[PDB]
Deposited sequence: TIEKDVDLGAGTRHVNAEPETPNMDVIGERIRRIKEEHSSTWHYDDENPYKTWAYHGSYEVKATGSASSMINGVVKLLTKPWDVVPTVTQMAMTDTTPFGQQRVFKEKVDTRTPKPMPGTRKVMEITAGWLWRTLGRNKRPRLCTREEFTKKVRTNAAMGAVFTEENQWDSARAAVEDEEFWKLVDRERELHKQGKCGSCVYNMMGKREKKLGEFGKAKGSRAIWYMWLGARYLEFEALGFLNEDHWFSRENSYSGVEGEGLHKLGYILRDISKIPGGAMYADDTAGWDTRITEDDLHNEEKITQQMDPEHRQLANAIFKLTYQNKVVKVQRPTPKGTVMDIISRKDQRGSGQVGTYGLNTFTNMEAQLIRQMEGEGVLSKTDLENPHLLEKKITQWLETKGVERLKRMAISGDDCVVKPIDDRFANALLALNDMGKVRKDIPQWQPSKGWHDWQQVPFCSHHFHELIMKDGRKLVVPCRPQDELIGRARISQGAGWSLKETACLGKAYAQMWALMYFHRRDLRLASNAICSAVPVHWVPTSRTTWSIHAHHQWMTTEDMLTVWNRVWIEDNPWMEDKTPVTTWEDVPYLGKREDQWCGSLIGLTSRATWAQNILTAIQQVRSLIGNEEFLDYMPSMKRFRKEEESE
């Protein structure tokens, strides 16, 4: 406990020797509380509306989901409330047999993931380049020799000590050191689909639907997509020990630094959290030994790894490999587990799409639906369902939720088929109406709106309202103002052809599309089912007079150069 985190706590208290105290009105139940000092609030109850896209989406002024997205509470008041929900709980220890199959599966999964690639340290030059292309963390620290502070803390890590690696709910220094030891998982694409079979790292939203359709071709039962209640809070001490096994593939200098990250920063953590008190705002210093910190490099990759392991074990239980007697058995035999992993594991990974805590799996049959002993005992309890009620799956991949989307198959006029991402339209419009940052000119606000308009033309062109609104936004913003593929000056029909035709591996016929008229929409019934306002008179009035709203935005912007992108 204190031998690992003590030095960090001593430096925090010494820096704030004035106003340091032990408040017993602290609410912490499952975290170790250490002390508090005096800062005052950072955050807001709601953020600003993007006025450009708001002026151009008037019928959605009267939509409750759009209004709610007036940002969440980042104030210390709102910060303490998120803490009560799930962060301040304890996950029960898994049973001894459960712990063993997790260890066996983790060993096999890391060896499979490391079959072609080798771990490596990441570099100051990589970290610096990443920042520039996107005790405070800015683009201003990497040009200053603050790398000597990084250098001094690394020497502590090499001795098994930690001095200043703390996260809140040098800071950039702690995150560089984590990137240095574990950044290879992301930078060398360990969870790409080719390397991990279940992963989708770097695939991109326009590919996820095609992947789901490919999974549907595998013989088996329904497709299951269970959400876990607060996944990051359900990462156990056993989970962290299993994730640590990647260090066995490292060179000793690398192993030493990654072992320091795992033991001192993941399996012992020191956290700052703001709290309101009748005297004001207060920064509390807390610590615990399990759960995952969301503000960390490698959070995504390690969550993907542990979810891959968890879903494999659930497939195991569905197929009869694991029983309740096995999960309780402290002397469980490895044989049947290893044999299943070596004969079936890769085939079973291919039945899954897994992005962090988000998973889709198509097991060999539907026994999986009621295979819940290991899933619950591992702590990955499903959200908003009785603990032992069978999972409900889908027999249409187009109904499966993944990455906050579902995916529609679209027949183009020329007969070729697209697979497009989609979500309830109010979520897309509600997000595009939110800017963040207080001191943002009309120009920066117009550029962000243009950025949303280009994403809509590239990803959501098939929704009638969004293509209209996207065209209206781009007509209202100067053509020469410029805001992953939707941040450029290229003609959006050109970018569309590159993404959906040219570089699309599921499009055999590379024949380019020459007009937006050849770019299809969802069927009208599906468009309305997914939130379209087409068919309402307030939408027809908006569409009919949209040039008026465009010209009003142009009048206020000034005498810049505008192009008309023809919105009705």
Parts of the chain sequence, as deposited, that carry no C-alpha coordinates in this structure: 1-22, 157-169, 205-226, 541-551, 637-647
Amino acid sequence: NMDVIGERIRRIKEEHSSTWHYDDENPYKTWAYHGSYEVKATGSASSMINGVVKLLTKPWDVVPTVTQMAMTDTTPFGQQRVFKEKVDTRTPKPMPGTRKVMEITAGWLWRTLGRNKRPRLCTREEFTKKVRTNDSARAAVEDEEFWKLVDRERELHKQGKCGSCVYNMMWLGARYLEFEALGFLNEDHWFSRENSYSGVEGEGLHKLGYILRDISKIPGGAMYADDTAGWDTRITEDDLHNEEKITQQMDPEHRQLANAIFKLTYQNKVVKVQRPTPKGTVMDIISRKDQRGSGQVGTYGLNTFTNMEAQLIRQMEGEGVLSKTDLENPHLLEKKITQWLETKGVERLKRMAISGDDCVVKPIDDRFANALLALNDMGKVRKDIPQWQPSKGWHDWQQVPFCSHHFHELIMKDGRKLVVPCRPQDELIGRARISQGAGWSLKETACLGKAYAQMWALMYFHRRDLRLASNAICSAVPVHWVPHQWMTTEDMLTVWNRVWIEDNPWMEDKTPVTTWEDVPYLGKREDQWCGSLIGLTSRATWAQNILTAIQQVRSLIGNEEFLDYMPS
From here on, numbers count along this sequence of modelled residues.
Given 9-17 and 545-553, the range whose Cα B-factors average higher in the PDB entry: 9-17
Of 430-438 and 416-424, the one with larger mean CA B-factor: 430-438
Member of 225, 352, 270, 378 with the greatest C-alpha B factor (per the PDB record): 270
Top Cα B factor in the deposited entry, candidates 141, 218, 469, 359: 141
Chain-relative CA temperature factor third for residue 314: lowest
Residue 88 - Cα temperature factor, lowest/middle/highest third of chain: highest
Record-listed C-alpha B factor of residue 506: chain third: middle
Cα B factor band for residue 340 (lowest, middle or highest third within the chain): middle
Cα B factor band for residue 180 (lowest, middle or highest third within the chain): middle
